[PDB]
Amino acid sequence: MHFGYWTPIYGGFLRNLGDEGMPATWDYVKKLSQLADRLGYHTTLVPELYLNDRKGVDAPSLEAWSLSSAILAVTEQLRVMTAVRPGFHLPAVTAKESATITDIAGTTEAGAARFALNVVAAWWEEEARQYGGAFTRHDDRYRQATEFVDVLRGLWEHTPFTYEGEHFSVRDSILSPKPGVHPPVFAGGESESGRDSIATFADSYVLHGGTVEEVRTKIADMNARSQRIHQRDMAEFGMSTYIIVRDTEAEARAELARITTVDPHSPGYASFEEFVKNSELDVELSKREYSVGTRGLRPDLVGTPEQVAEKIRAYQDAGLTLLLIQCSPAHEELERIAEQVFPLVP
């Protein structure tokens, strides 16, 4: 079980509250990344959005690729998983940028790649209008993600590489040097049609917060699809989840109530209606499920370190290999998890 966390690029993760002692500045991100790297966190997910989807469109937010490159230059072992939307990027330029970031980061002590990519869809239509991104329809959305990954892979292995497609196309392209260890491709998308495409192009899978049976079922389904396409199980499985660990379960449950106290005028839910409309997920999201992220409290990792470790161990047996923890304040909470929960989860 690898322990990861979300990098706070929006000044927090709670849509009901404002200040969480997590400023959206490089000063805070550097301190947090260096602390997590020292504590033994395996990976950090840096989401890619040019508008703050947690505190309001006008609230301060950091750019994913520049921040990711800077984090890797000031850390030693922490892997940086960076999100990427095909509609906002050229795959040939992205492949070159990724190879350079692989060199800047190097590899872990065991020779594993310190940089990964999360192929996410541009669900926010207003963000695409504002930042000039190509908004795609769900069947062509999954085909644009396949073509983008085919060009990334093709350039990292072949010299020259040529590709022809409806969304992306390259002619006799030369990329030198190739990454030492190629960045692993992670992807998330619960559409039934998209599940087959994601099983083909991605190495590992990302999932939103769910119960132990929902996670076991979805991991088994993805491995079955990957077994029919490539004759292999998927390399890693990460779940985006919110964690609340305290000395007593009553303190943990009091903090749950505090963060779920709905403020009617909170601008955090600006992107909620657009997420419901243009994020084709199997089950539609409610306003309460969008309080800390995308079903961050559904796994219910709220309690004492022993209780939370017991729940984490059940996800490990269900097939989960990585957690992508959302905290508040992350500088104090990630240290608490490292000290109290990490030894209990082998």
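Numbers follow the displayed sequence, beginning with 1.
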property: Greater mean Cα temperature factor according to the PDB record, 195-203 or 115-123; result: 195-203
property: Between 251-259 and 128-136 (mean CA B-factor, as deposited), the higher; result: 128-136
property: Options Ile243, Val170, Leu90, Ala83 - largest CA temperature factor per the record; result: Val170
property: Residue of maximum C-alpha B factor among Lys96, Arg79, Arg141, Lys218, per deposited coordinates; result: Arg141
property: Chain-relative CA temperature factor third for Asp282; result: highest
property: B-factor third for the C-alpha atom of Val212 within its chain; result: middle
property: Relative C-alpha B-factor of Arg288, binned into the chain's lowest, middle or highest third; result: highest
property: Chain-relative CA temperature factor third for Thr162; result: highest
property: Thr75 - which third its CA temperature factor falls in, relative to the rest of the chain; result: lowest
